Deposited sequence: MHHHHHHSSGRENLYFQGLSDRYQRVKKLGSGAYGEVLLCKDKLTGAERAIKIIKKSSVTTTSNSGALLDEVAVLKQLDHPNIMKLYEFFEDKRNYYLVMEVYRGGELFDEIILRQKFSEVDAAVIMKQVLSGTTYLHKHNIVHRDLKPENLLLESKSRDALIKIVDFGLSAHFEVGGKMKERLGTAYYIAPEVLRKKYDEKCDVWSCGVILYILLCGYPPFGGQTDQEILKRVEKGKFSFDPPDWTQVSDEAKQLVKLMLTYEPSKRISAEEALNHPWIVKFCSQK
């Protein structure tokens, strides 16, 4: 655990993420997951089988997984380096994003999500914290923590959860909903389903009602509102896929420079 890698700095806080050097001399981001902090939802042979698949994943908008270690105390996930923090940080800094910058981000989020769905992987926990920036530039958005929801709350996860997950009957479409909530936040600076406590947030999510209220939504393009509506459609069967969202006029418009 401590013999193989040398800590450079802490990156984030499932558990803690550290920037480490290989004592190869490449730099890696290592997630330390404490056994006590998580409740297991699968058997011992199911996680190792998924790891074998997660190591094979190769996409510009998906965190590469190199190694998976175990001891009596922790799970160790050795990933590629990231130096630009999380999207969550940028949301605090910028408050709201321009439609061009939001589309650039969302194209990447949807590209990665589409790729994950093509291999029967649903994230279920998509949020700005799980959307990482490669560097401090141009920098690629990379999805992290995929494939973990199938094996293992006060971190504001209620905002992004699809109503079907609450009904305990979900598929890949729950990721599109989460992506819609993220997009909504990027455009105006606040969640579509808010509240002071998790309980009143989840009730608004269950109701499914949201608004494009002034003055924050007034100048937002019509195709942006159209996409948010399609991603936040209550019926998951009627909800557009990640690929459809990626191909939507709003993405196509603002990512071809309009």
> Do you know which deposited regions have no coordinates at all?
Replying inline: 1-18, 32-33, 44, 159, 175-181
